[PDB]
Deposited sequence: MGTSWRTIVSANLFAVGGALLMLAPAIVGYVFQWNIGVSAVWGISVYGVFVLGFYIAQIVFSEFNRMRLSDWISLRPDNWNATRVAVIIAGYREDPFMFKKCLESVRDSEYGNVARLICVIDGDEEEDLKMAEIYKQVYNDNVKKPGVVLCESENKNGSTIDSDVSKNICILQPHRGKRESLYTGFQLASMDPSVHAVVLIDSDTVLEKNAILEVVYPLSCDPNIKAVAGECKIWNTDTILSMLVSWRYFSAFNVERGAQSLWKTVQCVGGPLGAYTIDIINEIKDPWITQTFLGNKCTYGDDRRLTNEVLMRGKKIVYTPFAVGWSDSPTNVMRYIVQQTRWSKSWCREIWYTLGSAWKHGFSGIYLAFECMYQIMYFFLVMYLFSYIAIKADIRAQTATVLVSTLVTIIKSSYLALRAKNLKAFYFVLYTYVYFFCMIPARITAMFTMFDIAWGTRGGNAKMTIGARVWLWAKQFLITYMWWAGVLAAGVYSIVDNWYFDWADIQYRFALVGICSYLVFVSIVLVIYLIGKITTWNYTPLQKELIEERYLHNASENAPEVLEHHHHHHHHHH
């Protein structure tokens, strides 16, 4: 039973990752073939860059605005920038815009989507000028909808580029997002790559490589079938036709945390296709605190638990080649359930052989994944992704359980946020202590016991030397991405 379980875990997890790697390679080959047909200085899709933020660092907001202004795409309509402000503390952030683009900030008294005439002409009168909208604070969906209306005002706009407030775009990060929209008539949305730049703290570095894996191996595989489930928040283009069609149903959803997931699922439900372009890069920061990361992950997992049913229900709309979407959703559910069941069974049946074999198998699977990541990114630091196998067991599984319990129920705030996490940590510690107490003997004459002790000690040495390598990298500042070094230098200069 245990041997079969740990054998399945290693062919059911590494096998699908190999399949995703192959599909991602095929998708990248297809995109390279498309790009090789792109003529020089190509620009045929008028875009309207949309930036929506609530309370961002003035430095990071200025960097994002300057990065948008640095884009080399030769066909941009405007820079509709919606801010959930209209307050004294938030006005300062809008001032950043006034020192980067212009003093064309507008202060409408009402939010467009909560108005009787939800049309762009109520706020803006001139469509040929960059505009900053200081609408009342209601959320990100409301500001994105106001941006959608202001973009749809222009009859010459064919696409809309959505960017987070603190996303430092690359130079060709607009040309490579909106190009695939013209490659196929069926493609109505494109998701660009988002790379973490603040890779200094351990959690931030592990999350950076999780982002890289999820965008290059998990989103590319879906992009091969043109069924990307979630367009990246920091960067993504939408055709103006599909956004005009789905801006009404996406809003008034009956609600606050999905944001881009519901938009992408709407594009899927309409029957259209979404691709992913790894050649378009947008840098964004990652959470550093473990508690804040757990809160963010439980919000994301609540949104995922809400949207997986709508994603599954739209798999028939795509007919054939839509089996991959339903299979991916089913695999996502069964992976978490199988991990929980296998680890609970292993903890309950305190066998040192099974526990050590499970640890070694998981470490080897993560090592193979990180090896492919290092090959793909041409970066050795990708092997730090091995340590990410800790985060999934301490910051993700409790997040999944908390999201499931909150969805099932549909100092109290602390208990609602951190009580399954603390209970999970106490349970893991208790399982370890019970395994140590029960299996408290030393028999250096059994091959099986020799294997168990040698394996656990070698794994401990492996993670210790990986952590030592990370520590010497941090003190050497080798871990910092070049963008992080540039941003730190410029912030110190200020």
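No C-alpha positions are given for the deposited-sequence stretches 1 to 38, 293 to 297, 454 to 469, 554 to 574.
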